[PDB]
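Starting off, we have a lone chain in the form deposited in one PDB entry, written out as structure tokens.
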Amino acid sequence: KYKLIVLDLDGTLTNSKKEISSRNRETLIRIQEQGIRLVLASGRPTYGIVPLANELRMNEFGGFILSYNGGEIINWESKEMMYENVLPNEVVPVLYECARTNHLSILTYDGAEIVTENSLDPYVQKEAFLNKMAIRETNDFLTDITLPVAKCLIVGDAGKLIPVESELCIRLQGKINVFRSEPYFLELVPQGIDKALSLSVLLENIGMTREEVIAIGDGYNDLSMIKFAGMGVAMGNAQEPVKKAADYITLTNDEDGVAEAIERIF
């Protein structure tokens, strides 16, 4: 009946120490060994997801990475990218100048590396540690990055980000969307980013229907895929509206909610 499992990372697949438990790992490997295909779907850049995808052997079972909230869709076996929703190049110098003017660090991603002019900013390092990515520091951001980029973050104290966010929101209306993922991360992303939309494209391409999909998540950015999936699963630690929109509520991420759901459902 079900042929695909889509998982968010933080608050879902990973526990409170941001690790994949051995029970989750073994359950997901086994279910792939049974012919079920996995998708990791997360706001993280691709190389923040790659280590977890490698730990789950997804490169051996045709698993997909939906990085940047589905901004990119990559088959982690074949390495083929089927979908690339990136920032318009012309907005990048505007984002840079806004960060500079407001004395805040900007970062973006270039493969396995985070590129920034401020590697000593604790908020930049928070993103590097979260993704397990090395930081490449430059003194000429616009020269040293490789375009196009899927997103940028401006980072800093919440009180300093709110006005920058409020300015960019309208100044680049029509070119980008802006939101805060943590109080100190301002996400600068292309329009039309939604995990559910990217999932629908994936399903069209591999010839599956939404009824054949399980999607598991915890936060508001997982609501659309939980509704879209035939079997939407809310983690025990999920936000109340995610739980109410789900078809099934499992245990928390620290109680191996993902493994428990998969074993019960199958």
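Numbering starts at 1 and follows the sequence shown.
Averaging CA B factors per stretch from the PDB record, which one is higher: 186 to 194 or 167 to 175? Per the deposited B-factors, the answer is 167 to 175.
Quick check on the record: does 139 to 147 or 101 to 109 carry the larger mean Cα temperature factor? Looking at the recorded C-alpha B-factors, 139 to 147 comes out higher on average.
By the entry's C-alpha temperature factors, tell me which of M235, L66, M225, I206 sits highest. Highest CA B-factor of the listed options: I206.
So among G62, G70, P45, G217, who wins on Cα B-factor in the entry? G62 has the highest C-alpha B-factor of those listed.
Should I20 be placed in the lowest, middle or highest third of its chain by the C-alpha B factor in the entry? For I20, the deposited C-alpha B-factor lands in the highest third.
In terms of the chain's CA B-factor thirds, is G159 lowest, middle or highest? It falls in the top third of the chain.
Modelled-residue ranking by C-alpha temperature factor, third containing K79: As the PDB entry reports it, the C-alpha B-factor of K79 lands in the highest third of its chain.
Compare the C-alpha B factor of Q125 with those of the other modelled residues in its chain, then answer lowest, middle or highest third. Lowest third - that is where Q125 ends up once the chain's C-alpha B-factors are sorted.
According to the PDB entry, is the CA B factor of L40 in the bottom, middle or top third of its chain, that is, lowest, middle or highest? Its C-alpha B-factor, which the entry lists for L40, ranks in the lowest third among residues of this chain.
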